[PDB]
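See below for the structure under consideration.
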Amino acid sequence: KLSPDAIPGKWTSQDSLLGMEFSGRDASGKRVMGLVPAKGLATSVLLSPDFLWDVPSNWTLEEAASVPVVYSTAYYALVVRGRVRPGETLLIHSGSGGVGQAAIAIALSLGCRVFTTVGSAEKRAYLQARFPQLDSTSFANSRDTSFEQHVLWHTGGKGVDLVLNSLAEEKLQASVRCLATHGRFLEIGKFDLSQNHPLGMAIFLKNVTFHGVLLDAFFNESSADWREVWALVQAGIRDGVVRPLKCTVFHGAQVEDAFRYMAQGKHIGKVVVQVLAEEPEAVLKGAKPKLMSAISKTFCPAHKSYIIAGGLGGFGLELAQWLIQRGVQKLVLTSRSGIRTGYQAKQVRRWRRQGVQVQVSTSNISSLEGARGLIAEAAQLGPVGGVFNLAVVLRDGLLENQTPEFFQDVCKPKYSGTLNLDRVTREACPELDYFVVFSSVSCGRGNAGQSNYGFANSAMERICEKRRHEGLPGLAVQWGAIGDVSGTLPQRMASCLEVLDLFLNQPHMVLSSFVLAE
Amino acid sequence: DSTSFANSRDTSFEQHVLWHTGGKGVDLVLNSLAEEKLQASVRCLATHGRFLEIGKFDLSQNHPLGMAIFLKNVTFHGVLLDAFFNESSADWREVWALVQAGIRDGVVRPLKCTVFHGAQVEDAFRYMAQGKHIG
Amino acid sequence: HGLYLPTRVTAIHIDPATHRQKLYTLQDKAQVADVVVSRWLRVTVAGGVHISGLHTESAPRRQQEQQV
Ligand SMILES: NC(=O)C1=CN([C@@H]2O[C@H](COP(=O)(O)OP(=O)(O)OC[C@H]3O[C@@H](n4cnc5c(N)ncnc54)[C@H](OP(=O)(O)O)[C@@H]3O)[C@@H](O)[C@H]2O)C=CC1
Ligand SMILES: NC(=O)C1=CN([C@@H]2O[C@H](COP(=O)(O)OP(=O)(O)OC[C@H]3O[C@@H](n4cnc5c(N)ncnc54)[C@H](OP(=O)(O)O)[C@@H]3O)[C@@H](O)[C@H]2O)C=CC1
């Protein structure tokens, strides 16, 4: 229902944005609960210390997983933005939810009379049990506009001072009419705001401060203003106002069960996922989390240098971008000509802006001296991580009109270049983790008039197979027709990159991929 | 400076403020203009911006306001000074103190004044109605 | 990244006369109009047209995945 890009901050993952809060141990062994923009559902999280609280001695790690998001948003909305003062009256929609419970806890500490809206009698009973200060006249219905009448009656028709709204459409319109003079409206929902629904400006005649509350802005900006909320939450923890919520724990394997349980919407409190059980000891100073088997995909270290031969080519530019999204930051493209089109210039400018250290080379991999120079440049950047060979020179035509010069021209980049790369790698590249050559099904299946192309591609496969017989990395991918940049339909670039991600982990030497026609 | 002045009778200040602000916008708007001008001024806000409204026409007519602005942390205020005379005196003492401090610190300077005698009150009203007075 | 499609527009102006006056023919027989996009001011002005306050929302990919 929510587009992945709607999350603030450029991620480019298009996935793994799940998770905002966590409770676990630290790099030193200290119990900590944190708040992260995304990627909270993992066995490890990389976070700055500004977004971590210590877990007091009474609390268990399970309880701590419920505090961060809800209490941070509650404090930010009420104290930091709404500037609540003792004795006020406020309407907290959806009291049973996490943010509603946090707001009630913060308000009841100040002495404010509270109206809350709930969707069932079980939630009403749960909130009555949780907060005995609440009376029988502090509950309305959250599935209809009947709370407007309830509040305008039990408040004498004056209204409420703060309205922490999470409801949308008519219920949001109904909540505005509950405001009193000098009231404040705290909008923590995002449906009406996204749709740009109109808000009648008459309500502002009686002094009304309509707020837009978004906690996400802190996680990627405004660090100076975050410390106020952090300190407020810390003070609440020490004073006892911040109380953990009910937890419905699910194990790491049954995360889908947790997601379906949340989808049904019958939960009261917070839903937690137990990645790893808590040890009795206060500080464990442990080494690593317990190993769990998971789908393997390709990621690259930041300190390694990568080489793409013929990288200014349409597949080569697209492979480079794919690598950059996987953490590559030291890249060495090679081309006989150089940057000679607007597309290449745009891409390289963008990558250099993003901080990646792109470097273009004219070193021709065919000549052994050229290969050694290319590896020397890569080493200058950093230890050589991978070597990709996407170079191609085509001289098509039936065998009747071929010449030895054409075969040499076609085989110089693919055969000779691959041999020289292999030799220089076996000599002076001890950290190499990838070695890929891009071939064509014309080698395997066969095609008419591409005899020299087929000879050039096939020789690459032999070298890759020999390399994998000595333990060194090697791989050859037999593609069909690349689409965006035989009887086979052209294969889209996205599908190609997905398949390639699949291939880099397999144990085999030569692989293939194509799309059959009709 | 020469880049702090725009045109009030047109909606050309939106481009001026946006250009000289680098497209970020502004952090606080003290607005008293009409419908189209008001909609123009709303688009000058930046993230965590604050819109101070001291006019009455668009509020009295209940003109619509697109809520898409609040996707940022914009805060919309309805500022009326009459409410102090009817209640919230404890809130008025704060403003009283602020004005007194401004007076004693030198910030609060008097404005340019045009004097009309009691007998010529009608002339004063006509003069202010024309719209050429400064001060 | 991803295909963003228009969902709102704040103001569009079309003045056909100024449009016919702005067009200038290239060395070929083709008629062309120069375009400028100001992401600071939120105006896309080209020929005799003026788009202001465009908004585009991400649309989910159809995942028809016709290629297997
Ligand atoms: N402004 C911001 O940036 C932030 C936004 N928020 C908002 O605060 C609110 C509470 O967040 P959170 O702490 O996660 O609380 P929950 O998501 O647990 O709150 C859900 C509540 O919504 C109502 N509800 C109705 N149908 C369903 C359903 N099918 N599933 C779940 N709830 C349902 C219930 O209240 P009832 O019993 O009355 O039906 C329930 O208590 C959300 O609207 C969230 O978007 C949270 C923090 C920051
Ligand atoms: N797209 C397809 O149809 C398929 C591709 N392949 C193979 O996968 C790879 C994908 O690249 P592709 O899209 O074909 O690239 P191009 O079609 O753009 O051509 C190869 C690229 O590499 C450069 N290049 C060629 N020879 C050399 C050389 N000796 N030294 C340095 N740079 C060189 C070229 O630039 P310049 O001319 O300036 O050197 C060009 O940018 C190729 O190796 C191709 O053979 C196989 C199966 C399917």
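Chains A, B and C are the protein sequences, given in the same order.
Mind the numbering: the first sequence is residues 1582 to 2066, 2081 to 2113 in the authors' numbering, read in order.
Using the authors' numbering, read the second sequence as starting at 1716 and increasing by one per residue.
Using the authors' numbering, read the third sequence as starting at 1044 and increasing by one per residue.
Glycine included, each C-beta is placed from N, C-alpha and C at the ideal position.
Check                                                                                                                                                                                      : Outcome
With a threshold of 8 Å between beta-carbons, can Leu1048/C be considered close to chain B, or not?                                                                                        : no
Taking only beta-carbon positions, decide if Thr1593/A is within less than 8 Å of chain C.                                                                                                 : yes
Taking the alpha-carbon of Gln1776/B as reference, which of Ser1609/A, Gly1781/A, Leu1622/A and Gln2059/A has the nearest alpha-carbon?                                                    : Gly1781/A
Quick one: Cα of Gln1730/A to Cα of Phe1632/A, how far?                                                                                                                                    : 41 Å
Below 7 Å, is the gap between the Cβ of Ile1685/A and the nearest heavy atom of ligand 1?                                                                                                  : no
Would you verify that the beta carbon of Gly1793/B is, or is not, closer than 8 Å to some beta carbon of chain C?                                                                          : no
What number of angstroms, rounded off, separates the C-alpha of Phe1791/A from the C-alpha of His1763/A?                                                                                   : 11 Å
Does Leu1745/B have its Cβ less than 8 Å from a Cβ in chain A?                                                                                                                             : no
Taking only beta-carbon positions, decide if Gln1730/B is within less than 8 Å of chain C.                                                                                                 : yes
So is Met1843/B buried or exposed if we call it buried at 16+ other beta carbons inside 10 Å?                                                                                              : exposed
Note down, in chain order, all residues in the region 1773-1789 of chain A with a beta-carbon under 9 Å from any beta-carbon belonging to chain B.                                         : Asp1773, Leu1774, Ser1775, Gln1776, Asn1777, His1778, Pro1779, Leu1780, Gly1781, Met1782, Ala1783, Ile1784, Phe1785, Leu1786, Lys1787, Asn1788 and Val1789
Confirm, please, whether the CB-CB distance from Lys1878/A to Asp2096/A is below 8 Å.                                                                                                      : yes
Could you tell me whether any non-hydrogen atom of ligand 2 is closer than 7 Å to the CB of residue 2067/A?                                                                                : In the structure shown, chain A runs from 2066 directly to 2081, leaving residue 2067/A without coordinates.
Kindly indicate which residue of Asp1838/B, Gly1817/B, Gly1850/B and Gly1821/B has the alpha-carbon position closest to the one of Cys1828/B.                                              : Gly1850/B
Drop a sphere of 10 angstroms on the beta-carbon of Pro1649/A, count the other beta-carbons inside from all chains shown, and report buried for 16 or more, exposed for fewer.             : buried
Within the 8 Å Cβ cut-off, does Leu1097/C reach chain B?                                                                                                                                   : no
Per DSSP, what kind of secondary structure is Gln1938/A in: helix, strand or coil?                                                                                                         : strand
Which stretch, first to last residue, makes up the alpha helix (DSSP H) that contains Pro1059/C?                                                                                           : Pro1059 to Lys1065
Cα-Cα, which of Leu1872/A, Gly1678/A, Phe1696/A and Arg1808/A is closest to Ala1623/A?                                                                                                     : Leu1872/A
If we define contact as Cβ-Cβ less than 8 Å, is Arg1105/C a contact residue for chain A?                                                                                                   : no
Would the beta-carbon of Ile1784/B be found less than 7 Å away from any heavy atom of ligand 2?                                                                                            : no
Is the CB of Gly1764/B under 8 Å away from at least one CB in chain C?                                                                                                                     : no
So is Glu1768/A in contact with chain B if we call contact Cβ pairs under 8 Å?                                                                                                             : yes
Going by DSSP, what residue range makes up the beta strand (DSSP E) through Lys1869/A?                                                                                                     : Neither: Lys1869/A is in no beta strand (DSSP E) and is coded neither H nor E.
Based on Cα-Cα distance, which residue from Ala1076/C, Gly1090/C, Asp1071/C and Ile1094/C lies nearest to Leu1084/C?                                                                       : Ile1094/C
Helix, strand or coil: which one does DSSP assign to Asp1742/B?                                                                                                                            : strand
Quick one: does the C-beta of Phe1603/A sit closer than 7 Å to a heavy atom of ligand 2?                                                                                                   : no
Please work out which residues of its chain come closer than 6 Å, Cβ to Cβ, to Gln2086/A, disregarding the five sequence neighbours upstream and downstream, and give them in chain order. : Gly2061, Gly2064 and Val2110
Could you tell me which of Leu2013/A, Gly1615/A and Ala1960/A sits nearest to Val1913/A, measuring between CA atoms?                                                                       : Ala1960/A
Who are the near neighbours of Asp1797/A in its chain, counting only those whose CB is closer than 6 Å to its CB and skipping five residues on each side?                                  : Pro1589
Around the C-beta of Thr1999/A, are 16 or more other C-beta atoms found within 10 angstroms, so that it is buried, or is it exposed?                                                       : buried
What does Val2110/A reach in chain C if we use C-beta pairs closer than 8 Å?                                                                                                               : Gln1110 and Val1111
Do you know offhand how far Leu1975/A's Cα is from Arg1917/A's?                                                                                                                            : 15 Å
How would you list, in chain order, the residues of chain E whose beta-carbon sits under 7 Å from the beta-carbon of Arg1051/C?                                                            : Absence of chain E from the displayed structure is noted, the protein chains being A, B and C.
In chain B, which residues lie with their C-beta within 9 Å of the C-beta of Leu1066/C?                                                                                                    : Under the 9 Å cutoff, chain B gives no residues; its nearest Cβ is about 25 Å from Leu1066/C.
Considering only DSSP beta bridges, list what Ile1784/A is partnered with.                                                                                                                 : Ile1784/A pairs with nothing; no bridge assigned.
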